[PDB]
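Right, one structure below, let's go through it.
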There are 4 protein chains.
Amino acid sequence: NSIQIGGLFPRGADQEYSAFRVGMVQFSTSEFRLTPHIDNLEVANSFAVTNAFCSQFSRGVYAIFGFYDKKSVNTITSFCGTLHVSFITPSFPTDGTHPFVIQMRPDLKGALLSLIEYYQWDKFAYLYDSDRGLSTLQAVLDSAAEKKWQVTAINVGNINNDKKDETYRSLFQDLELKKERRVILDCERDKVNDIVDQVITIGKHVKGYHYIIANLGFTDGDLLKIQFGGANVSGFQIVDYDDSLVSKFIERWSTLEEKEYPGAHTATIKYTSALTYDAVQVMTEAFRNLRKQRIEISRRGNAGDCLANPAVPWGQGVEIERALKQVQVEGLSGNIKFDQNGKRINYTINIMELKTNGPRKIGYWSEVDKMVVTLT
Amino acid sequence: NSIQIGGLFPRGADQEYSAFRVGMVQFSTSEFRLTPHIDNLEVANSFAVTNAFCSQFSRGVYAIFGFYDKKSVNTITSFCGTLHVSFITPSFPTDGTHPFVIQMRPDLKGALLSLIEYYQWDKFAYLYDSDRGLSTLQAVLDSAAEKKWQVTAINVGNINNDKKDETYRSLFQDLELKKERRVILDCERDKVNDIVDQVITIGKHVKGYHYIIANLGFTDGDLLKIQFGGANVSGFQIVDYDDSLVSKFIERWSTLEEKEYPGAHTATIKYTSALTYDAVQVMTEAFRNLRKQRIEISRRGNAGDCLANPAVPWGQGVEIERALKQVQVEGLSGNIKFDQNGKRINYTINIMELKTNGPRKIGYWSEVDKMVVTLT
Amino acid sequence: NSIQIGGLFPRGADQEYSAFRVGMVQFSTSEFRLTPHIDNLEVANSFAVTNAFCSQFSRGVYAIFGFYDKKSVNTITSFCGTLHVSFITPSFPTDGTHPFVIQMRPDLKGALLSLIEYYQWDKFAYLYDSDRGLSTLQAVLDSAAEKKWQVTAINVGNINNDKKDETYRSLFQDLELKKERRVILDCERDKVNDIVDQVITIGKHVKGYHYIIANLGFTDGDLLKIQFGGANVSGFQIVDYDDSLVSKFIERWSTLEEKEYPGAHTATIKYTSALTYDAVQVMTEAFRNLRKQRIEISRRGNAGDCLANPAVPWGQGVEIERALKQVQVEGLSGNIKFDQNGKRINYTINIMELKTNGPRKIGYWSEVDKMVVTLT
Amino acid sequence: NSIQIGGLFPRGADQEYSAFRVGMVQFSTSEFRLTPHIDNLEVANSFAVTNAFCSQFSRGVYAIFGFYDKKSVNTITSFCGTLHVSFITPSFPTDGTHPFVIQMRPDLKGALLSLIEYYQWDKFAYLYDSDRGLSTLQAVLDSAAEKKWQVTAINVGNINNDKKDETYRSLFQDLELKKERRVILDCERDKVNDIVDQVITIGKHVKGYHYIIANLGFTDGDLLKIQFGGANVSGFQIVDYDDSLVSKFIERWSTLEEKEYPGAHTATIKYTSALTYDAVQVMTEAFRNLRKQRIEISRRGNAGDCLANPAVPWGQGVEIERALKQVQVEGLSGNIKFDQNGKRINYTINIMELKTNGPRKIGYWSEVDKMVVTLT
Ligand SMILES: *[C@@H]1O[C@H](CO)[C@@H](O[C@@H]2O[C@H](CO)[C@@H](O[C@@H]3O[C@H](CO)[C@@H](O)[C@H](O)[C@@H]3O)[C@H](O)[C@H]2NC(C)=O)[C@H](O)[C@H]1NC(C)=O
Ligand SMILES: *[C@@H]1O[C@H](CO)[C@@H](O[C@@H]2O[C@H](CO)[C@@H](O[C@@H]3O[C@H](CO)[C@@H](O)[C@H](O)[C@@H]3O)[C@H](O)[C@H]2NC(C)=O)[C@H](O)[C@H]1NC(C)=O
Ligand SMILES: *[C@@H]1O[C@H](CO)[C@@H](O[C@@H]2O[C@H](CO)[C@@H](O[C@@H]3O[C@H](CO)[C@@H](O)[C@H](O)[C@@H]3O)[C@H](O)[C@H]2NC(C)=O)[C@H](O)[C@H]1NC(C)=O
Ligand SMILES: *[C@@H]1O[C@H](CO)[C@@H](O[C@@H]2O[C@H](CO)[C@@H](O[C@@H]3O[C@H](CO)[C@@H](O)[C@H](O)[C@@H]3O)[C@H](O)[C@H]2NC(C)=O)[C@H](O)[C@H]1NC(C)=O
Ligand SMILES: *[C@@H]1O[C@H](CO)[C@@H](O[C@@H]2O[C@H](CO)[C@@H](O)[C@H](O)[C@H]2NC(C)=O)[C@H](O)[C@H]1NC(C)=O
Ligand SMILES: *[C@@H]1O[C@H](CO)[C@@H](O[C@@H]2O[C@H](CO)[C@@H](O)[C@H](O)[C@H]2NC(C)=O)[C@H](O)[C@H]1NC(C)=O
Ligand SMILES: *[C@@H]1O[C@H](CO)[C@@H](O[C@@H]2O[C@H](CO)[C@@H](O)[C@H](O)[C@H]2NC(C)=O)[C@H](O)[C@H]1NC(C)=O
Ligand SMILES: *[C@@H]1O[C@H](CO)[C@@H](O[C@@H]2O[C@H](CO)[C@@H](O)[C@H](O)[C@H]2NC(C)=O)[C@H](O)[C@H]1NC(C)=O
């Protein structure tokens, strides 16, 4: 027995594809071995996204895995919820109840606001980028209205790379006029690193300036260049490198070569690749549970084409969705439990601060609890 | 000769389709005869949008007219820019330079900020809706950062109809705590009408309050219920009902029947329908200019399909885009000139206020000029 | 046996006729069977009223039910007192002791003045209408002479529908000059509804204002549009919807159909219909008491005609009047006891106010007692 | 040739019937002599009013003359406007556009308010009686609202004759508390005389107390008993005893006996009888004009009965109405001109003050002009 699936990896996700392969070979069980068909493309081009989607749909697959941006999430959700096709993705969640989508990246607004109100903040800033959405921004604004805050929102995505230095320096210069020393950074690795570069240039890495990285790869970025500025730097983490299974995976990972497994001969791993690993795990577990449910869902014939008018769903797809949304395991990120829509639940988000002795966890967060303090 | 085009209209665009037909029958001529191919659908469904686009592309069209939304704009832009197929639309303009897309709805952030600084505001509120994007909100915030303002942003898009009453009344009830007497409404006609209903129900249309309808359909809404409250009100109107050709069109319009041309036996008209009329005008003018420039665009063969790998555009698409962007005429909205990106320029936006007698034009805004007031 | 009566209902008394039929079918019994003879007409036309009266008198009726107005009350009273034919009516009671007329609508001047002195008013306004007379106005004035008040009386009866808007808005506009924030509305349901519409349109339902609905149909009007304005409101309600038999009647009432019993598939009921129900009740009780007292009333011969000169009454008319005035039962309006003149006594009028949650009974007024407040 | 008409005179209108006969014999022209059928009755009993009306309608008459009170005006207006029958009356006018009615008593609100504002009044009283209506009261109240006055309205009609002295004395006693010396009296001869008696009893006839009699018989009442109190007494007049025709009529009138012409051996005459005279005159003139219009309107057959269902008008009645409403002569009251409704126009109202030398005219009033001052 075998299975046909699809992989939508953007040009440049070498580490993510490496982790995908590592998981496919680790969880490989002769009882049922999967057979994917990768398709790399510009993920921000809905045209190519739909091309690959229809290719993998006609290929006769049951589930699809891949990323998406704020320019293709709508396309993906529509196509999936129409053709009743499960789509797994670590990319940012969706601002709605989009079915047939398995969002592995947990939420962040909760822990972010918890940390904020824990540091007792009332006037700060928020530098955002539209590369992921504006749900965090909307949550921040509503919490400010309900908390009597004074936010200073700014966008740093439309700013090209040719005038970045001049612009950023201008923003940091005209920011001190309001005596604003505390700051937030809702951007990806590239943007946060460019911003830290501009910061070290202006020399604002001195103490009194607090910084929050509103992502999960607090350890993936270049940090040692500002760890000595005495600044109040913080950040979140989703992977805990000090656990049994994650440490074993890291041992098996760093010892790999950068030729047959690019972006894999390191001690740290991107949370995106960790979630790709966990996604391989959960897909294997769901298909195994189906195999153990005394059910065969082999497509009767060719699945068809996207443009089939009218639509042409198949209930066994709903069964696959229900199976995927009924999993509970422990992966690199931790307890992986889902809800009826697809979002994650009952997860852990380790908080981290940058101290002279390196990053140090100072507690965790969850949905049932508020922020916790562990480091005495 | 004859020409074939496409049409994408939502479920409920009766007035817009009527205006489209009116323009088709008015601007027609023996020179060329358009051959539309209408296709109604849920414009917020990317799958249906792709289906309609591919149908009208296989039909062998030379251009397309239609609307879009926050959940289909990226799909439309990608498909057009890839297939080199133009696409006219009055919907909210894109946040970038997307080729092969003719935007008819001019920008609003400039005039809005000019009006705000004219009224000399420093602490107000902003009610937005996830219907046309948050470009206006982002601009308001990134300009408040430099204008020393205190904004209070709120969303009203995720509100259901059963709880709309209790929710709206809670908003303004909370705003009393902050002493918020000045407000901005960046919402659609129905949403602003519901907001105004709740406002008058609560008793806030009385003097001491100010409101701003952040849209071009100022008169498009029902203001008679808030005209005699004594509260400041302001807005924008892209069509000046006191002009020659617009008055002639209104004469030909109100006289018509609500049977063959629904939403037509009235003196008011929605800016969406006005822009539809102007769109038909500019398309006819462009095709006439092309046929007059001793040119040939007729497709030698068929179009194939969207998913033809690799993508295969056709040459005359660039010429058609250059034509549609090389137009300078006048219509309901006023002068109609586009830039390389396709957005409008050298346009005017008449500012208005709600007096006890009726809404009068206090001034107008431009791109090369600021908010020119009219003291009279 | 059977009994024949008459019925005079205006053009539009659907709810009242429905309540009449409901009472006829409810209070019926094998003891006696009523035999109504309905006759609709313009109640404000004395000629038509005389025609109907003479028709139903020649028909050989033993009593009559029906309404009247300021232009027919004298006709009805004279005809009845001359022919010794009783006449039940919920319409406004007469300004005197007119025999053979059973008034069901209890007085209001006492409770109104008690409420006024309870709120401690000294300078207010009074809007009246030439629809039920000016007894309330005359009493208000002759009591202000002794209470040291400053009244501002205004009429709204001679206002047409085309100019109602501009006229109503002019009234309250002029009242601002006198700083008139307290008001009384002695008008019908439709008139008070129009007044309230114009009030909310102008922005005077906000705090700092007080209103009093000088009628028993407090809930009969639409208050949801003025409930959340923040302005004081008060009124009277003769039917307490929170009682056993009234609740049972409402259960039997709302369940009914709007086809056979129009204006019946609702939980609210107009005091006119309630008094119609109570009128049927008391008439049945009186005829049963008569048949039980070993009496005979059946007319030996016909009735002749109204204009029989000289007038020739019949003896049992005085007995029927004594019976109808010798009744003491309970119904929707409450206890039902009459005096020698025929007006009601030992009744109750529940005072009410408009709270944000709903209209609650703050107290009640009586004849032998004053305005008993309920602090709870 | 002859004519049949009707006369509705209340029991006690001996002087009015005498004047009626005097006019019928004076204007008696052999060209056409009228033949009335008098019918005395209690004018405040609509039953008897309708009885007499139907009697004179079946008798085969063309026009009707008589009085009415505030308890029969509606009956009269309805019957007339229904059967299209002209009704002449000196009684108080109607508060509406009641057709087929000839109101000979001019208006009074105009001249009353003119005199008031001429004496420069701002705080006074108003003692009214419902024996005529409340139009004067409503006019006074609206003029007060539009003039910033402080009126003190009081009713003295409901007060029986057994407690009149005690009540009146109480009102005069508790009136001085507001320092109210100026007073108005809107009552008939009996009530005004009783009030003057109570006044002379209390001794309030001293100067400083002003009094206005809001009727036209300022000279018909008992005045010499208070003419010496030095009070500021005023009053209106409609008849000027110092003119040619009126003086000749008085000469022919006083010389008559009180046996064949009761209430006629005097030097003064009631304005009601003067208007009866003028009504005889105008009816004769209208019938003469019809005779001179080459038209015969003899009823084809028996006119029928009131209760004829449906109604049974006749256009020649409309012709009679148009003829009566197209007269212009000079009678005891002066220029008698009518309007489309029936009211009078272009008349004179001589004002009068009570001085030690007796009543003295001090000007006049009209509809085209305001109050005038003649007595230097
Ligand atoms: C950077 O991080 C350090 C912790 O490593 C922060 O230290 C402490 O900051 C808190 C927050 O302000 C202080 O608490 C407060 O004291 C102020 C004094 O007026 C009071 O108003 C607050 O309500 C609160 O109680 C705390 O005393 C302070 N202690 C030490 C040893 O630093 C530091 O504030 C952070 N700086 C920035 C710019 O975020
Ligand atoms: C509604 O609109 C009216 C007029 O458009 C506003 O009246 C305006 O109120 C502002 C502030 O109260 C006035 O500005 C101030 O004027 C004084 C001089 O009186 C000056 O000393 C201050 O420095 C400031 O400039 C403005 O003059 C006044 N406009 C007019 C025509 O009188 C009103 O405030 C608006 N209401 C709301 C709730 O927005
Ligand atoms: C609407 O109703 C409320 C309450 O029913 C009214 O509040 C009432 O206002 C009056 C006058 O402002 C208060 O009377 C005064 O109270 C003070 C003590 O605060 C006393 O010294 C005065 O001699 C006088 O009695 C009354 O207490 C107050 N009621 C409550 C419960 O606070 C309000 O005025 C009404 N508004 C209108 C427009 O009628
Ligand atoms: C009774 O009638 C006599 C006329 O025969 C009135 O005489 C005059 O009354 C007028 C009205 O008040 C006086 O005019 C005023 O003088 C006051 C003084 O403060 C002024 O405030 C007014 O604006 C007006 O100009 C007039 O002087 C006075 N003259 C005489 C010789 O009496 C009398 O007032 C009447 N009394 C009453 C109680 O109606
Ligand atoms: C939520 O997730 C936690 C993850 O720890 C669940 O709890 C424990 O589950 C892990 C496996 O994920 C076991 O190894 C542990 O023995 C469990 N107990 C403890 C104390 O760690 C937990 O059951 C999940 N559910 C809820 C409702 O919290
Ligand atoms: C911008 O638009 C204006 C119209 O608002 C245009 O100028 C008018 O164009 C006509 C020709 O169609 C000229 O005759 C007028 O003189 C122009 N207006 C003025 C004030 O001169 C034109 O398209 C643009 N004009 C400018 C100055 O940019
Ligand atoms: C006035 O009306 C009341 C009802 O509001 C009546 O009294 C109730 O009548 C019942 C008999 O039907 C008695 O059992 C109750 O005791 C009465 N009420 C009270 C408080 O005692 C009755 O018709 C009149 N009562 C009075 C006191 O006038
Ligand atoms: C209004 O009535 C007057 C009454 O005097 C009319 O005028 C005079 O009419 C009388 C007859 O009624 C004549 O004897 C006079 O010769 C007329 N003139 C004068 C100066 O008295 C008058 O015509 C009527 N019409 C209007 C519009 O006022």
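In the structure tokens, each chain is lettered A, B, ... as it comes, each chain's residues begin at 1, and ligands are numbered from 1 in order of appearance.
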
Excluding residue C:262 and its own-chain neighbours fewer than 5 positions away, which residues fall within 10 Å of it when counting only C-alpha atoms? Please give them as a list in words.
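Result of the neighbour search: residues 13, 14, 15, 16, 17, 18, 19, 256 and 257 of chain C.
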
So that I can see what lies close to residue A:55, please list as a PyMOL selection string the residues with an atom at most 12 Å from it, counting only C-alpha atoms and leaving out residues fewer than 5 positions away in the same chain.
(chain A and resi 5-8+37-39+48-50+60-61+64+302-307) or (chain B and resi 307-309)

If the cut-off is 8 Å, can you tell me the residues of chain D near chain C, counting only C-alpha atoms? I'd like them as a VMD selection string.
chain D and resid 45 to 47 51 71 to 72 74 to 75 78 to 79 82 141 to 142 145 150 152 to 155 307

List as a tab-separated table (two decimals) with N, CA and C atoms, in the first residue's frame the protein and nucleic acid residues lying within 10 Å of ligand 5, with only C-alpha atoms and all ligand atoms counted.
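Result written to part23.tsv:
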chain	number	residue	atom	x	y	z
A	328	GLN	N	-3.75	13.52	18.90
A	328	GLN	CA	-3.19	14.04	20.14
A	328	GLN	C	-1.87	13.31	20.39
A	329	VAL	N	-0.76	13.97	20.07
A	329	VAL	CA	0.57	13.40	20.20
A	329	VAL	C	1.50	14.47	20.77
A	330	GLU	N	2.75	14.07	20.98
A	330	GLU	CA	3.79	14.94	21.52
A	330	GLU	C	4.92	15.01	20.50
A	331	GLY	N	5.08	16.18	19.88
A	331	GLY	CA	6.14	16.40	18.92
A	331	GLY	C	7.17	17.40	19.41
A	334	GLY	N	5.43	20.09	21.14
A	334	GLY	CA	4.78	19.62	22.34
A	334	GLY	C	3.46	18.96	22.02
A	335	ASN	N	2.50	19.12	22.93
A	335	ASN	CA	1.19	18.51	22.79
A	335	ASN	C	0.47	19.09	21.58
A	336	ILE	N	0.13	18.24	20.62
A	336	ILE	CA	-0.52	18.66	19.38
A	336	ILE	C	-1.97	18.21	19.45
A	337	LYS	N	-2.85	19.11	19.85
A	337	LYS	CA	-4.29	18.87	19.86
A	337	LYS	C	-4.97	19.94	19.02
A	345	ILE	N	-4.59	23.65	20.08
A	345	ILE	CA	-5.09	23.88	21.43
A	345	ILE	C	-4.19	23.15	22.41
A	346	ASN	N	-4.16	23.65	23.65
A	346	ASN	CA	-3.40	23.03	24.73
A	346	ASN	C	-1.93	22.85	24.33
A	347	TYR	N	-1.28	23.98	24.09
A	347	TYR	CA	0.12	24.01	23.68
A	347	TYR	C	0.93	24.85	24.66
A	348	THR	N	2.24	24.83	24.47
A	348	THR	CA	3.19	25.54	25.32
A	348	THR	C	4.00	26.51	24.48
A	366	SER	N	0.10	29.31	28.07
A	366	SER	CA	-0.84	28.32	27.57
A	366	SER	C	-2.20	28.98	27.40
A	367	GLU	N	-3.17	28.21	26.92
A	367	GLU	CA	-4.53	28.70	26.73
A	367	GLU	C	-5.37	28.57	27.99
A	368	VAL	N	-5.15	27.52	28.78
A	368	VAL	CA	-5.91	27.36	30.01
A	368	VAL	C	-5.37	28.27	31.11
A	369	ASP	N	-4.08	28.55	31.10
A	369	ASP	CA	-3.43	29.38	32.10
A	369	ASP	C	-2.97	30.69	31.48

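The residue that comes closest to residue C:357, out of C:30, C:227, C:254, C:103 and on the basis of only C-alpha atoms, is C:227.
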
If we count only C-alpha atoms and set the cut-off at 8 Å, which residues sit around residue A:234, ignoring sequence neighbours fewer than 4 positions away in its own chain? Please answer as number ranges by chain.
A: 210-213, 351-354

If I take atom CA of residue A:237 and atom CA of residue A:21, how far is one from the other in Å, to one decimal?
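These two atoms are separated by 23.9 Å.
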